[PDB]
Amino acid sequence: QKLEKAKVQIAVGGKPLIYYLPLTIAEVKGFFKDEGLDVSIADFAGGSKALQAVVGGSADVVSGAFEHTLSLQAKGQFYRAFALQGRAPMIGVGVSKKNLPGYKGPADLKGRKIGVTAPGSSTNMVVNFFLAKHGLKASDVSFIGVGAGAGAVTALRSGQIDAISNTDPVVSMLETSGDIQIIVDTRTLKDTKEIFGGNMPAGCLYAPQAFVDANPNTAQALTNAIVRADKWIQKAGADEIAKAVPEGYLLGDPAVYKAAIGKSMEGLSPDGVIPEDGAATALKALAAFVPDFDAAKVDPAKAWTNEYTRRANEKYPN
């Protein structure tokens, strides 16, 4: 089985975040090269921009949040998730202790500036789900795109935003420095289930159904690499992981990055496998807050498949 497309371009909205560690581990360990792939990765400020790179034809596959497949299918666009990086969202929402030191509850977010990676991204979706739960609307706040790294940290620290939704190590950098109060945490499976009522698959590889139709062996090769990266991560110490990523991912604080790997480890997918209740949990989540969203019209089965994750696990048991 030869590769239909050896040269693949991946778009990720936040490559340095622990949310996408499997992607980076697959690249630096040569797991894509082992499958005969020539993978380019283009980074973007958040997942909404990374998705637009694929829609726009600049990239082939998205490394982004699973819930986007369902949101797209609602608009009539068919995309398919086929390898999992994260099995919980691992998204934190923090209020600025500097600007909202009296914070009493969700009321107090009204009229305020809330940092997300990019508008329309999962970071934004989690806050909107929170707001809808507590009887607020999206238009009650203003969302500011601050990206996936240093900008996001300094934007909060400096007072430019009053709250932030992001992942480790950005979230952890701010925790440790005493700068945010956490109001939503989805780093653990338990906290996630408490909020969404089932598994919320997070980071994954997903692509237009057309790409999956034209390039089955390429999709398997990609999936092989993620699955191998997932399994490496689970056996590696924080130290080995910090040794493997580019130095910029540490945000100048190796000790915090290593504690962040510890806090977010439960959320990383151990083997690439998409959980069975995932798409339905995600669809149910989107129907709580997306306006004029009609979940009845989406077929969740057309958003995802373990076809390739089963074979990748067959082929790389260890």
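Sequential numbering from 1, following the sequence displayed.
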Higher of the two mean Cα B-factors (188 to 196, 224 to 232; per PDB record) comes from 188 to 196
Quick note on 293 to 301 and 306 to 314: per-entry mean CA temperature factor is higher in 293 to 301
Looking only at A152, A81, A242, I180, the Cα with the top B-factor belongs to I180
So, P101's CA B-factor, relative to its chain, sits in which third? The highest
Tertile call for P89 (CA temperature factor, within chain, third-based) is the lowest
Sorting the chain's modelled residues by C-alpha B-factor and splitting them into thirds places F143 in the highest
So, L72's CA B-factor, relative to its chain, sits in which third? The middle
Chain-relative C-alpha B factor for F211 (record values, thirds): the middle
